[PDB]
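A closer look at the structure
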Number of protein chains: 2
Amino acid sequence: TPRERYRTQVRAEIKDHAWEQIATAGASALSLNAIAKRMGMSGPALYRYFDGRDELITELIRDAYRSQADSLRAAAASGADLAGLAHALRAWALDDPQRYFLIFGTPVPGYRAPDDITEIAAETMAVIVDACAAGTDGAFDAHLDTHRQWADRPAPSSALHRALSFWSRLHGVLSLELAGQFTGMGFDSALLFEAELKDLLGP
Amino acid sequence: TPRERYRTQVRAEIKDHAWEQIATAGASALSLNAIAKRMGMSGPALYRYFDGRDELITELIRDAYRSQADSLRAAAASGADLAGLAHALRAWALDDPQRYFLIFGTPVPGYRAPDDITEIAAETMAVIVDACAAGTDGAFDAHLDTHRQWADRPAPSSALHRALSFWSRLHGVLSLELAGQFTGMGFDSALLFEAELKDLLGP
């Protein structure tokens, strides 16, 4: 609440420059000292905002998850179904590939997250599950009945199975396209994405 | 052929140390100078093996694709079907996550590949297509009839569609698991992988 919370805004500048360094030199090469020198501050002073690189990484990871959740929440809040949710996910992904890859891409060497980066990952995933209430037979569903601590609200495990399939199928195409893998394949990966979505929607 | 091709073996040591640096400090932070210093050679001498970081990256990318292709070739060569191919892909992925991510993960900033990294990506993909001959209606197939320069051998576009779906669906789960995204979700992602495969096999 209080005034000395222009700190939130300098932290926002710090975080901003952190993306630049990630963009140009990659996470892990990311350093609070280059930031400090970039903003003409003392190295120490920058540590009075983030006590170390992992604290900074951690916050960037949290910020990333939070905007993924916002994108998807807005879609469900506008009464969209899985299709709408899939399209929310595409634009969020394509809107900022660097942000996508900090979550879904190459892990940052040496960095171990606090448990609440996954405890903020189930946010996004609750919404998908919500939609997939739109039990059913099959071996993975059976497994999921005893393995679902990531959702006591009350949906048949087939809906959880469908949610996981939506997640993995659409990330498969998003990160393959963002990873440059359909370059020189000359088809329209957006149509591939449409196909995979369609195939997935009540198949 | 000739003797002075113990060069191939020192290059193999160079490449070896390059993985270490990638592993610990990430591609892009990757530097021929640290290698040179690591092996007690002159910085120049190391450049008489790789004229610059991109040349080295390029070769690591080529090596990565080549072992992905070997894994999959061996599977088709042993008469395996899509299931067998899917399992080949899983083990290759899990056998070396760092190698997986150099191809499928976060792109290396500043690095632009020569066109023959995709021209060595169609190798792996030819095999999958082969299996998917195991036209059919639908909007993406229609697109693929005019968009297939990545395969004149002669398979109905539905087989190409199926091949692309196998690729993206299984990478979706492989890279989500390798990216740490099913940590603290407490289900068995290997079973998820089995489910996605099954769902995909002549559905």
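Within every chain, numbering proceeds from 1 in written sequence order, not necessarily in step with the numbering of the entry, and residues without coordinates do not appear. As a convention, the first chain written is A and the first ligand written is 1, with the rest following in written order. Computation of side-chain values covers all heavy atoms of the structure but excludes hydrogens and water. Residues with missing side-chain atoms are left out of burial classes, side-chain pairs and their counts.

In this text, helices come from DSSP runs of H or I with a minimum length of four residues, and strands from runs of E with a minimum of two, each type numbered from the N-terminal end. The number of helices and strands found in chain A is 10 helices and 0 strands. The order of helices and strands in chain A, counted from the N terminus, is α-α-α-α-α-α-α-α-α-α. For chain A, the C-alpha atoms occupy an extent of roughly 60 × 45 × 35 Å along the three principal directions.

Here the focus is the interface of chain B and chain A. If you look at the interface, chain B gives 47 residues, while chain A gives 47 residues. By convention in these notes, a salt bridge is any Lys or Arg side-chain nitrogen within 4 Å of a carboxyl oxygen on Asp or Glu. At the surface where chain B touches chain A, the tally comes to 4 salt bridges. Measuring nitrogen to oxygen at the nearest pair gives 3.2 Å for the salt bridge that ties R169 of chain A to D199 of chain B. Polar contacts here mean pairs of N or O atoms no more than 3.5 Å apart (in protein, one a potential hydrogen donor and the other a potential acceptor; neighbouring residues in sequence count only if both atoms are side-chain atoms). Linking chain B with chain A are 15 residue pairs in polar contact. At the level of secondary structure, the elements contributing two or more residues to the side of chain B that touches chain A comprise helix 1 (7–25), helix 6 (97–104), helix 8 (139–146), helix 9 (157–178) and helix 10 (189–200) of chain B. Each residue is assigned to one of three groups, with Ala, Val, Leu, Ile, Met, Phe, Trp, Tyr, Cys and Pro labelled nonpolar, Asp, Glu, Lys and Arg labelled charged, and all others, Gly among them, labelled polar. A breakdown of the residues in the side of chain B that touches chain A according to their chemical character gives 26 nonpolar, 17 polar and 4 charged. Contacts are assigned to residue pairs with any non-hydrogen atoms lying within 4.5 Å of each other.

Any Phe, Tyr or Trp ring, taking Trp's six-membered ring, that has another such ring centre within 6.5 Å forms a pair; planes under 30 degrees apart are called stacked, those over 60 apart edge-to-face, and the others tilted. All told, the structure shown has 14 aromatic pairs over all chains when counted by the stated rule. Their ring planes at 35° and their centres at 5.0 Å tell us that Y100 of chain A and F104 of chain A sit as a pair that is tilted. With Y100 of chain A and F104 of chain A both in helix 6 (residues 97–104) and 4 residues apart, this pair spans about one turn of that helix. Overall, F104 of chain A belongs to the buried group, its relative accessible area being 4%. A centroid spacing of 5.9 Å and a plane angle of 75° characterise the contact between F187 of chain A and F140 of chain B, whose relative ring orientation is edge-to-face. Of this pair, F187 of chain A sits in the loop between helix 9 (157–178) and helix 10 (189–200) while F140 of chain B sits in helix 8, each in a different chain. Neither residue differs from the other here; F187 of chain A and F140 of chain B are each classed as buried. Burial classes follow relative accessibility: with a 1.4 Å probe on protein chains only, a residue under 20% of its type's maximum area counts as buried, one over 50% as exposed, and anything between as partly exposed.

Before going further, it helps to examine unusual backbone geometry. Its identity as a non-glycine residue notwithstanding, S28 of chain A has a phi of 85°, on the positive side. Mapped onto the secondary structure, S28 of chain A falls in the loop between helix 1 (7–25) and helix 2 (32–38).

This part covers the nonpolar core. Among soluble globular proteins, nonpolar side chains are generally buried collectively. By convention a nonpolar core is built from buried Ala, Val, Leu, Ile, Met, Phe, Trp, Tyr and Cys residues, the set being connected through side-chain atoms within 4.5 Å. Core analysis: the largest hydrophobic core is formed by 128 residues, its most contacted members being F187 of chain A together with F187 of chain B. Discounting chain neighbours no more than four positions away, the residues touching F187 of chain B are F140, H143, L144, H147, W150 and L164 of chain A together with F182 and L192 of chain B.

Attention now goes to the UniProt feature "DNA-binding region" (unreviewed entry) in chain A. UniProt positions are given in the numbering used here, feature names are shortened, and annotations may be inferred rather than shown by experiment. Residues given the UniProt feature "DNA-binding region" (unreviewed entry) here are residues 31–50 of chain A. Secondary structure across residues 31–50 of chain A divides into 60% helix and 0% strand, with the first and last C-alpha atoms of the span separated by 11 Å.

We now examine the side chain of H171 of chain B. Mapped onto the elements of the fold, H171 of chain B is located in helix 9. You can call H171 of chain B buried: its relative accessible area is 1%.

Turning our attention to the relation of the copies chain B and chain A. It takes a turn of 180° to lay chain B on chain A, together with a shift of 0.0 Å along the axis; the resulting RMSD is 0.0 Å. Put plainly, the chains are arranged around a two-fold axis. Within chain B, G172 of chain B has its C-alpha nearest the rotation axis, a separation of 1.7 Å. Interface overlap between copies is the fraction of interface residues in one copy that are interface residues in the other; for chain B against chain A it reaches 100%, indicating a shared surface. Each copy is laid over the others by a least-squares fit that uses only its C-alpha atoms.

Turning next to the pattern of salt bridges. Residues and elements named next belong to chain A. Enumeration over the complete set of coordinates arrives at 26 salt bridges over all chains. The partner of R153 in a salt bridge is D130, with the nearest N and O atoms 2.8 Å apart. The exposure class assigned to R153 is partly exposed, which follows from its relative accessible area of 32%. Each of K15, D63 and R66 takes part in a single network of salt bridges with overlapping partners.

Taken from the UniProt record, the annotation "domain: HTH tetR-type" (unreviewed entry) applies to residues 8–68 of chain A. Secondary structure within residues 8–68 of chain A divides into 75% helix and 0% strand; the distance between the first and last C-alpha atoms comes to 21 Å.

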